[PDB]
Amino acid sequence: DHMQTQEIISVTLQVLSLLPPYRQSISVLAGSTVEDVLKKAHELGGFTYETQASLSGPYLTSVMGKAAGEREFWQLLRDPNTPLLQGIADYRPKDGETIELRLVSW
């Protein structure tokens, strides 16, 4: 009886680089980008983030109040432990995906 035609999908968003960690299932419209997931998570309450505009599209600079500093970046991953090959405005997760934001240093 539930919708199985995927007009609405659900994507788990997780951030484990912070204490306390964040993990929530976020429902969004089909075809949503990662950025749409971040927007929804913020709208629902209990999540925040910031981006910076660029010629390559929005770049994720801060997650849950923690801004990336020198030689750090917020990395985007899908299951299993696989970094995305597109940014937040271009990657469109599949229904049931888990997107992780991970603070990585080089």
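Sequential numbering from 1, following the sequence displayed.
Would you tell me which stretch averages the higher CA B-factor in the PDB entry, 62 to 70 or 35 to 43?
Of 35 to 43 and 62 to 70, the stretch with the higher C-alpha B-factor average is 62 to 70.
Which third, lowest, middle or highest, does the CA B-factor of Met3 fall in along this chain?
Highest third of the chain for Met3's C-alpha B-factor.
Taking only the Cα B-factors deposited for this chain, tell me whether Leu29 sits in the lowest, middle or highest third.
Answer is middle: the recorded C-alpha B-factor places it there.
Report the third (lowest, middle or highest) to which the CA temperature factor of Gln52 belongs, ranking only the modelled residues of the same chain.
Its C-alpha B-factor, which the entry lists for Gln52, ranks in the highest third among residues of this chain.
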